[PDB]
>>> print(open('run38.cif').read())   # mmCIF, C-alpha atoms and all ligand atoms
data_protein
#
loop_
_atom_site.group_PDB
_atom_site.id
_atom_site.type_symbol
_atom_site.label_atom_id
_atom_site.label_comp_id
_atom_site.auth_asym_id
_atom_site.auth_seq_id
_atom_site.Cartn_x
_atom_site.Cartn_y
_atom_site.Cartn_z
ATOM 1 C CA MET A 1 -15.265 46.357 -11.116
ATOM 2 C CA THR A 2 -17.428 46.362 -7.996
ATOM 3 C CA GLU A 3 -15.751 46.486 -4.592
ATOM 4 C CA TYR A 4 -17.392 44.848 -1.563
ATOM 5 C CA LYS A 5 -16.539 45.988 1.960
ATOM 6 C CA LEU A 6 -16.741 42.871 4.163
ATOM 7 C CA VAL A 7 -16.295 42.952 7.940
ATOM 8 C CA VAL A 8 -15.353 39.833 9.923
ATOM 9 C CA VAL A 9 -16.723 39.931 13.487
ATOM 10 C CA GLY A 10 -17.049 37.555 16.413
ATOM 11 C CA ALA A 11 -15.564 36.755 19.810
ATOM 12 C CA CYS A 12 -11.878 36.536 20.599
ATOM 13 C CA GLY A 13 -10.277 33.337 19.343
ATOM 14 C CA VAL A 14 -13.083 32.076 17.083
ATOM 15 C CA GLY A 15 -10.907 32.197 13.964
ATOM 16 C CA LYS A 16 -11.481 35.628 12.390
ATOM 17 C CA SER A 17 -7.808 36.123 11.555
ATOM 18 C CA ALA A 18 -7.266 32.511 10.520
ATOM 19 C CA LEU A 19 -10.283 32.577 8.213
ATOM 20 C CA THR A 20 -9.141 35.848 6.666
ATOM 21 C CA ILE A 21 -5.515 34.756 6.213
ATOM 22 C CA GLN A 22 -6.646 31.466 4.651
ATOM 23 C CA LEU A 23 -8.719 33.466 2.174
ATOM 24 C CA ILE A 24 -5.951 35.956 1.387
ATOM 25 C CA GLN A 25 -2.726 33.938 1.735
ATOM 26 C CA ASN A 26 -3.814 30.256 1.669
ATOM 27 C CA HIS A 27 -2.083 29.197 4.852
ATOM 28 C CA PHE A 28 -3.141 28.612 8.443
ATOM 29 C CA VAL A 29 -1.916 30.980 11.179
ATOM 30 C CA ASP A 30 -1.586 29.481 14.677
ATOM 31 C CA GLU A 31 -0.614 32.584 16.675
ATOM 32 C CA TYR A 32 -1.737 35.643 14.735
ATOM 33 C CA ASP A 33 -1.548 38.518 17.260
ATOM 34 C CA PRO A 34 -5.050 38.690 18.789
ATOM 35 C CA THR A 35 -4.952 42.516 19.021
ATOM 36 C CA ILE A 36 -4.129 43.245 15.364
ATOM 37 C CA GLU A 37 -6.965 44.650 13.240
ATOM 38 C CA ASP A 38 -6.126 44.979 9.543
ATOM 39 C CA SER A 39 -7.761 45.105 6.117
ATOM 40 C CA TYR A 40 -6.967 42.987 3.066
ATOM 41 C CA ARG A 41 -7.909 43.291 -0.583
ATOM 42 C CA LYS A 42 -8.447 40.389 -2.964
ATOM 43 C CA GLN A 43 -9.753 40.152 -6.524
ATOM 44 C CA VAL A 44 -12.049 37.147 -6.995
ATOM 45 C CA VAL A 45 -14.486 35.669 -9.501
ATOM 46 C CA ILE A 46 -17.898 34.870 -7.992
ATOM 47 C CA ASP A 47 -20.604 33.363 -10.236
ATOM 48 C CA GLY A 48 -18.541 34.394 -13.241
ATOM 49 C CA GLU A 49 -18.343 38.074 -12.224
ATOM 50 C CA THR A 50 -15.012 39.533 -11.143
ATOM 51 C CA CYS A 51 -15.057 41.791 -8.098
ATOM 52 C CA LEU A 52 -12.753 43.205 -5.436
ATOM 53 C CA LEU A 53 -13.117 42.203 -1.789
ATOM 54 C CA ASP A 54 -12.085 44.703 0.879
ATOM 55 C CA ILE A 55 -12.030 42.663 4.114
ATOM 56 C CA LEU A 56 -11.654 44.034 7.642
ATOM 57 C CA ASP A 57 -10.477 41.493 10.237
ATOM 58 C CA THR A 58 -11.705 43.009 13.529
ATOM 59 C CA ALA A 59 -9.884 42.711 16.844
ATOM 60 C CA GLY A 60 -10.673 45.734 19.019
ATOM 61 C CA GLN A 61 -13.149 45.365 21.880
ATOM 62 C CA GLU A 62 -14.538 48.902 22.100
ATOM 63 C CA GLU A 63 -18.215 49.531 21.408
ATOM 64 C CA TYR A 64 -20.792 52.311 21.775
ATOM 65 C CA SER A 65 -18.289 54.869 20.512
ATOM 66 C CA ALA A 66 -19.081 57.265 17.676
ATOM 67 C CA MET A 67 -15.921 56.653 15.626
ATOM 68 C CA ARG A 68 -16.098 52.869 15.579
ATOM 69 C CA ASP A 69 -19.849 52.944 14.968
ATOM 70 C CA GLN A 70 -19.418 55.344 12.040
ATOM 71 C CA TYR A 71 -16.775 53.080 10.550
ATOM 72 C CA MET A 72 -18.838 49.901 10.920
ATOM 73 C CA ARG A 73 -21.766 51.547 9.132
ATOM 74 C CA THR A 74 -19.560 51.475 6.017
ATOM 75 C CA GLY A 75 -19.418 47.675 6.087
ATOM 76 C CA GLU A 76 -21.586 46.274 3.311
ATOM 77 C CA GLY A 77 -21.728 42.732 4.689
ATOM 78 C CA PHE A 78 -20.747 41.061 7.934
ATOM 79 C CA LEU A 79 -19.238 37.618 8.471
ATOM 80 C CA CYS A 80 -20.492 36.684 11.954
ATOM 81 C CA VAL A 81 -18.127 34.007 13.254
ATOM 82 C CA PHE A 82 -18.402 31.714 16.251
ATOM 83 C CA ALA A 83 -16.488 28.531 17.077
ATOM 84 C CA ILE A 84 -18.457 25.303 17.354
ATOM 85 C CA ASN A 85 -16.557 24.408 20.543
ATOM 86 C CA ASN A 86 -17.216 27.779 22.220
ATOM 87 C CA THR A 87 -20.773 28.154 23.500
ATOM 88 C CA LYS A 88 -20.106 31.713 24.674
ATOM 89 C CA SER A 89 -18.974 32.752 21.193
ATOM 90 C CA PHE A 90 -22.222 31.396 19.753
ATOM 91 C CA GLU A 91 -24.262 33.263 22.369
ATOM 92 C CA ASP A 92 -22.281 36.404 21.499
ATOM 93 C CA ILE A 93 -23.704 36.256 17.947
ATOM 94 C CA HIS A 94 -26.825 37.942 19.316
ATOM 95 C CA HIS A 95 -24.681 40.848 20.522
ATOM 96 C CA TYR A 96 -22.848 41.196 17.198
ATOM 97 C CA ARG A 97 -26.127 41.085 15.276
ATOM 98 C CA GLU A 98 -27.512 43.771 17.582
ATOM 99 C CA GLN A 99 -24.425 45.926 17.005
ATOM 100 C CA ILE A 100 -24.800 45.590 13.226
ATOM 101 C CA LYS A 101 -28.465 46.527 13.509
ATOM 102 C CA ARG A 102 -27.611 49.396 15.865
ATOM 103 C CA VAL A 103 -25.043 51.073 13.623
ATOM 104 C CA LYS A 104 -26.662 50.348 10.237
ATOM 105 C CA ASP A 105 -29.644 52.472 9.249
ATOM 106 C CA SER A 106 -30.830 49.692 6.931
ATOM 107 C CA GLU A 107 -33.139 47.078 8.438
ATOM 108 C CA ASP A 108 -31.866 44.333 6.092
ATOM 109 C CA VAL A 109 -28.070 44.059 6.367
ATOM 110 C CA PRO A 110 -26.143 41.345 4.453
ATOM 111 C CA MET A 111 -24.806 38.838 6.990
ATOM 112 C CA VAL A 112 -23.585 35.254 7.051
ATOM 113 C CA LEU A 113 -23.370 33.066 10.156
ATOM 114 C CA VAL A 114 -20.109 31.098 10.268
ATOM 115 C CA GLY A 115 -19.527 28.177 12.614
ATOM 116 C CA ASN A 116 -15.758 27.724 12.548
ATOM 117 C CA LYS A 117 -13.376 24.992 13.846
ATOM 118 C CA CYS A 118 -15.547 22.185 12.449
ATOM 119 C CA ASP A 119 -12.422 19.992 12.261
ATOM 120 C CA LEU A 120 -12.618 19.579 16.092
ATOM 121 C CA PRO A 121 -14.439 16.625 17.718
ATOM 122 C CA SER A 122 -15.549 18.491 20.829
ATOM 123 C CA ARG A 123 -18.668 20.196 19.494
ATOM 124 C CA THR A 124 -20.817 22.013 22.034
ATOM 125 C CA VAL A 125 -22.868 24.051 19.522
ATOM 126 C CA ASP A 126 -24.950 21.685 17.359
ATOM 127 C CA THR A 127 -25.455 22.196 13.641
ATOM 128 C CA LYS A 128 -29.211 22.393 14.275
ATOM 129 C CA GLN A 129 -28.801 25.115 16.923
ATOM 130 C CA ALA A 130 -26.871 27.286 14.479
ATOM 131 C CA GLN A 131 -29.141 26.485 11.530
ATOM 132 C CA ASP A 132 -32.154 27.477 13.631
ATOM 133 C CA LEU A 133 -30.544 30.789 14.623
ATOM 134 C CA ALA A 134 -29.634 31.529 11.001
ATOM 135 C CA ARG A 135 -33.212 30.704 9.963
ATOM 136 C CA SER A 136 -34.511 33.102 12.622
ATOM 137 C CA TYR A 137 -32.312 35.894 11.238
ATOM 138 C CA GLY A 138 -33.018 34.833 7.647
ATOM 139 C CA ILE A 139 -29.326 34.521 6.744
ATOM 140 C CA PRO A 140 -27.077 31.743 5.417
ATOM 141 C CA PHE A 141 -25.163 29.443 7.754
ATOM 142 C CA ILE A 142 -21.780 27.967 6.762
ATOM 143 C CA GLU A 143 -19.671 25.516 8.772
ATOM 144 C CA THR A 144 -15.961 26.162 8.225
ATOM 145 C CA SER A 145 -12.512 25.061 9.309
ATOM 146 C CA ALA A 146 -9.756 27.601 8.871
ATOM 147 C CA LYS A 147 -7.368 24.763 9.793
ATOM 148 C CA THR A 148 -8.365 22.424 6.935
ATOM 149 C CA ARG A 149 -9.699 25.302 4.716
ATOM 150 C CA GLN A 150 -13.136 23.620 4.440
ATOM 151 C CA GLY A 151 -15.792 26.187 3.588
ATOM 152 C CA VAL A 152 -13.541 29.248 3.860
ATOM 153 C CA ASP A 153 -14.051 30.587 0.338
ATOM 154 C CA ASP A 154 -17.698 29.481 0.408
ATOM 155 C CA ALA A 155 -18.347 31.596 3.511
ATOM 156 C CA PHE A 156 -16.889 34.784 2.038
ATOM 157 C CA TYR A 157 -18.443 34.205 -1.413
ATOM 158 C CA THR A 158 -21.840 33.539 0.179
ATOM 159 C CA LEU A 159 -21.619 36.924 1.890
ATOM 160 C CA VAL A 160 -20.914 38.631 -1.450
ATOM 161 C CA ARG A 161 -23.954 36.851 -2.903
ATOM 162 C CA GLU A 162 -26.014 38.227 -0.018
ATOM 163 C CA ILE A 163 -24.816 41.756 -0.827
ATOM 164 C CA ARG A 164 -25.588 41.308 -4.525
ATOM 165 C CA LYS A 165 -29.104 40.119 -3.676
ATOM 166 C CA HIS A 166 -29.590 43.097 -1.336
ATOM 167 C CA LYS A 167 -28.399 45.662 -3.890
ATOM 168 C CA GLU A 168 -30.678 44.205 -6.576
HETATM 169 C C1 LIG B 1 -9.222 38.335 20.821
HETATM 170 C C2 LIG B 1 -9.847 39.719 20.762
HETATM 171 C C3 LIG B 1 -10.870 39.861 19.653
HETATM 172 O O1 LIG B 1 -10.813 39.180 18.630
HETATM 173 N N1 LIG B 1 -11.856 40.745 19.854
HETATM 174 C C4 LIG B 1 -12.895 41.020 18.823
HETATM 175 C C5 LIG B 1 -14.302 40.995 19.414
HETATM 176 N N2 LIG B 1 -14.380 41.833 20.609
HETATM 177 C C6 LIG B 1 -15.474 42.620 20.887
HETATM 178 N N3 LIG B 1 -15.911 42.563 22.159
HETATM 179 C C7 LIG B 1 -16.972 43.288 22.561
HETATM 180 N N4 LIG B 1 -17.323 43.144 23.857
HETATM 181 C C8 LIG B 1 -18.641 43.453 24.396
HETATM 182 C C9 LIG B 1 -19.064 42.426 25.459
HETATM 183 C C10 LIG B 1 -20.251 41.558 25.012
HETATM 184 O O2 LIG B 1 -21.304 41.700 25.533
HETATM 185 N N5 LIG B 1 -20.053 40.625 24.061
HETATM 186 C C11 LIG B 1 -21.168 39.787 23.663
HETATM 187 C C12 LIG B 1 -18.787 40.384 23.400
HETATM 188 N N6 LIG B 1 -17.650 44.107 21.788
HETATM 189 C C13 LIG B 1 -17.237 44.222 20.495
HETATM 190 C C14 LIG B 1 -17.963 45.114 19.658
HETATM 191 C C15 LIG B 1 -17.655 45.269 18.327
HETATM 192 C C16 LIG B 1 -18.426 46.341 17.604
HETATM 193 C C17 LIG B 1 -18.329 47.641 18.090
HETATM 194 C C18 LIG B 1 -19.025 48.679 17.496
HETATM 195 O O3 LIG B 1 -18.857 49.947 18.069
HETATM 196 C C19 LIG B 1 -19.834 48.486 16.397
HETATM 197 C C20 LIG B 1 -19.979 47.173 15.844
HETATM 198 C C21 LIG B 1 -20.802 46.935 14.699
HETATM 199 C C22 LIG B 1 -20.930 45.648 14.178
HETATM 200 C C23 LIG B 1 -20.242 44.587 14.780
HETATM 201 C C24 LIG B 1 -19.425 44.777 15.895
HETATM 202 C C25 LIG B 1 -19.267 46.079 16.457
HETATM 203 C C26 LIG B 1 -16.520 44.607 17.815
HETATM 204 CL CL1 LIG B 1 -16.060 44.817 16.167
HETATM 205 C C27 LIG B 1 -15.797 43.716 18.584
HETATM 206 C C28 LIG B 1 -16.140 43.501 19.972
HETATM 207 C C29 LIG B 1 -13.365 41.542 21.649
HETATM 208 C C30 LIG B 1 -11.973 41.588 21.054
HETATM 209 N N1 LIG B 2 -8.665 23.590 15.131
HETATM 210 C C1 LIG B 2 -8.912 24.816 14.605
HETATM 211 N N2 LIG B 2 -8.253 25.854 15.180
HETATM 212 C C2 LIG B 2 -8.508 27.078 14.641
HETATM 213 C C3 LIG B 2 -9.379 27.226 13.578
HETATM 214 N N3 LIG B 2 -9.449 28.553 13.256
HETATM 215 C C4 LIG B 2 -8.625 29.161 14.116
HETATM 216 N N4 LIG B 2 -8.047 28.307 14.962
HETATM 217 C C5 LIG B 2 -7.077 28.608 16.034
HETATM 218 O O1 LIG B 2 -7.751 29.257 17.107
HETATM 219 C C6 LIG B 2 -6.895 30.299 17.599
HETATM 220 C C7 LIG B 2 -7.573 31.643 17.372
HETATM 221 O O2 LIG B 2 -7.653 31.941 15.972
HETATM 222 P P1 LIG B 2 -7.630 33.430 15.419
HETATM 223 O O3 LIG B 2 -7.932 33.413 13.954
HETATM 224 O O4 LIG B 2 -6.332 34.079 15.860
HETATM 225 O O5 LIG B 2 -8.861 34.077 16.255
HETATM 226 P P2 LIG B 2 -9.437 35.582 16.251
HETATM 227 O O6 LIG B 2 -9.190 36.099 17.661
HETATM 228 O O7 LIG B 2 -10.923 35.373 16.015
HETATM 229 O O8 LIG B 2 -8.722 36.345 15.190
HETATM 230 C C8 LIG B 2 -5.577 30.213 16.841
HETATM 231 O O9 LIG B 2 -4.721 29.347 17.583
HETATM 232 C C9 LIG B 2 -5.955 29.509 15.552
HETATM 233 O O10 LIG B 2 -4.877 28.772 14.960
HETATM 234 C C10 LIG B 2 -10.003 26.078 13.061
HETATM 235 O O11 LIG B 2 -10.816 26.149 12.092
HETATM 236 N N5 LIG B 2 -9.778 24.871 13.576
HETATM 237 MG MG MG B 3 -7.511 38.034 15.151
#
>>> encode(input="run38.cif", output="structure tokens", more="lines below")
Ligand SMILES: *CCC(=O)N1CCN(c2nc(NCCC(=O)N(C)C)nc3cc(-c4cc(O)cc5ccccc45)c(Cl)cc23)CC1
Ligand SMILES: Nc1nc2c(ncn2[C@@H]2O[C@H](COP(=O)(O)OP(=O)(O)O)[C@@H](O)[C@H]2O)c(=O)[nH]1
Ligand SMILES: [Mg+2]
Amino acid sequence: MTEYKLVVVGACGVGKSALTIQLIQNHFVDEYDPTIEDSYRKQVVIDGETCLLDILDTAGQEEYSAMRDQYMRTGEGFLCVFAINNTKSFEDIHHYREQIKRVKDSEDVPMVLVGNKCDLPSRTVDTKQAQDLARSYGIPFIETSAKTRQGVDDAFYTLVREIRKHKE
């Protein structure tokens, strides 16, 4: 079966680890060590086709370094996560998109924009703001809550669909 290398990126504390652990283990982690970067494998059925997901949950801060850049080029799709109560993390999406474009030779890289923590009432990044940014990039936007699990599988599966569309 096909294996998809997915890379979860975004600012510190947006929910990268919580999203990933909800996908893999189906529980919510409150204090997953912010410095720990690990990969997880999971077999899933998407649109009736079984595949293997190979998911990197990023945590390191280093950039513009040959080794990390070479590794990130191997990512086939990127889950670009911000938190809807963290304006800075939304603004950082530009930086993450630029890093993906910098390291990937391809001009069209599978990406999904994820606005996480949608269970919270204090929302400083509007749905429309994020939808407009996703429309500018031409990529899907998904609102998620790792806490309640809303949209978690949909975000990852949407990214796989974006890779399948790119490879075809
Ligand atoms: C809690 C700690 C945590 O989760 N993280 C992960 C994200 N981190 C991170 N920080 C930065 N800082 C640069 C300052 C800046 O201007 N902004 C907007 C944050 N840079 C990161 C870069 C990358 C990254 C690096 C390379 O080399 C390639 C590449 C390709 C595609 C996507 C990202 C990258 C990563 Cl993975 C995380 C970065 C802070 C700690
Ligand atoms: N309310 C809420 N809290 C979340 C959500 N996702 C993550 N968190 C919390 O925000 C903090 C940072 O999450 P984490 O996944 O460790 O962030 P990372 O640095 O991006 O890996 C932790 O306390 C999580 O429990 C969410 O969807 N809703
Ligand atoms: Mg983490």
>>> residues_near_ligand(input="run38.cif", ligand="ligand MG 3 (chain B)", cutoff="10 Å", atoms="only C-alpha atoms and all ligand atoms", output="list in words")
residues 8, 9, 10, 11, 12, 13, 14, 15, 16, 17, 18, 19, 20, 21, 29, 31, 32, 33, 34, 35, 36, 37, 38, 57, 58, 59 and 60 of chain A
>>> axis_aligned_box(input="run38.cif", around="ligand LIG 2 (chain B)", padding_each_side="3 Å", output="JSON")
{"center_x": -7.8, "center_y": 30.0, "center_z": 14.9, "size_x": 12.2, "size_y": 18.8, "size_z": 11.6}
>>> closest_residue(input="run38.cif", among="A:22, A:61, A:158, A:116", to="ligand LIG 2 (chain B)", atoms="all atoms listed in the file")
A:116
>>> resolve_selection(input="run38.cif", expression="the PyMOL selection byres (((chain A and resi 114) around 6) and not hetatm)", output="mmCIF file with C-alpha atoms, keeping the file's coordinate frame")
data_model
loop_
_atom_site.group_PDB
_atom_site.id
_atom_site.type_symbol
_atom_site.label_atom_id
_atom_site.label_comp_id
_atom_site.auth_asym_id
_atom_site.auth_seq_id
_atom_site.Cartn_x
_atom_site.Cartn_y
_atom_site.Cartn_z
ATOM 1 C CA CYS A 80 -20.492 36.684 11.954
ATOM 2 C CA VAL A 81 -18.127 34.007 13.254
ATOM 3 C CA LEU A 113 -23.370 33.066 10.156
ATOM 4 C CA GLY A 115 -19.527 28.177 12.614
ATOM 5 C CA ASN A 116 -15.758 27.724 12.548
ATOM 6 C CA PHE A 141 -25.163 29.443 7.754
ATOM 7 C CA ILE A 142 -21.780 27.967 6.762
ATOM 8 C CA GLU A 143 -19.671 25.516 8.772
#
>>> closest_residue(input="run38.cif", among="A:50, A:65, A:144, A:43", to="ligand LIG 2 (chain B)", atoms="only C-alpha atoms and all ligand atoms")
A:144
>>> resolve_selection(input="run38.cif", expression="the PyMOL selection byres (((chain A and resi 166) around 12) and not hetatm)", output="NGL selection string")
:A and (76-77 or 106-111 or 139 or 159-165 or 167-168)
>>> residues_around(input="run38.cif", residues="residue 70 of chain A", least_positions_apart="5", cutoff="10 Å", atoms="all atoms listed in the file", output="VMD selection string")
chain A and resid 65 75 103 to 104
>>> write_last_selection(input="run38.cif", atoms="C-alpha atoms", output="mmCIF file, in the coordinates of the input")
data_model
loop_
_atom_site.group_PDB
_atom_site.id
_atom_site.type_symbol
_atom_site.label_atom_id
_atom_site.label_comp_id
_atom_site.auth_asym_id
_atom_site.auth_seq_id
_atom_site.Cartn_x
_atom_site.Cartn_y
_atom_site.Cartn_z
ATOM 1 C CA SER A 65 -18.289 54.869 20.512
ATOM 2 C CA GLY A 75 -19.418 47.675 6.087
ATOM 3 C CA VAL A 103 -25.043 51.073 13.623
ATOM 4 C CA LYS A 104 -26.662 50.348 10.237
#
>>> closest_residue(input="run38.cif", among="A:132, A:3, A:49, A:30", to="ligand LIG 2 (chain B)", atoms="only C-alpha atoms and all ligand atoms")
A:30
>>> closest_residue(input="run38.cif", among="A:7, A:69, A:52, A:130", to="residue 39 of chain A", atoms="all atoms listed in the file")
A:7
>>> resolve_selection(input="run38.cif", expression="the PyMOL selection byres (((chain A and resi 124) around 9) and not hetatm)", output="VMD selection string")
chain A and resid 84 to 87 122 to 123 125 to 126
>>> write_last_selection(input="run38.cif", atoms="C-alpha atoms", output="mmCIF file, keeping the file's coordinate frame")
data_model
loop_
_atom_site.group_PDB
_atom_site.id
_atom_site.type_symbol
_atom_site.label_atom_id
_atom_site.label_comp_id
_atom_site.auth_asym_id
_atom_site.auth_seq_id
_atom_site.Cartn_x
_atom_site.Cartn_y
_atom_site.Cartn_z
ATOM 1 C CA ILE A 84 -18.457 25.303 17.354
ATOM 2 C CA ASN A 85 -16.557 24.408 20.543
ATOM 3 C CA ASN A 86 -17.216 27.779 22.220
ATOM 4 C CA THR A 87 -20.773 28.154 23.500
ATOM 5 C CA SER A 122 -15.549 18.491 20.829
ATOM 6 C CA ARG A 123 -18.668 20.196 19.494
ATOM 7 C CA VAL A 125 -22.868 24.051 19.522
ATOM 8 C CA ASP A 126 -24.950 21.685 17.359
#
>>> atom_distance(input="run38.cif", atom1="atom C6 of ligand LIG 2 (chain B)", atom2="atom CA of residue 26 of chain A")
16.2 Å
>>> closest_residue(input="run38.cif", among="A:53, A:41, A:64, A:71", to="ligand LIG 1 (chain B)", atoms="all atoms listed in the file")
A:64
>>> closest_residue(input="run38.cif", among="A:153, A:112, A:51, A:28", to="ligand LIG 2 (chain B)", atoms="only C-alpha atoms and all ligand atoms")
A:28
>>> atom_distance(input="run38.cif", atom1="atom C22 of ligand LIG 1 (chain B)", atom2="atom CA of residue 54 of chain A")
16.0 Å
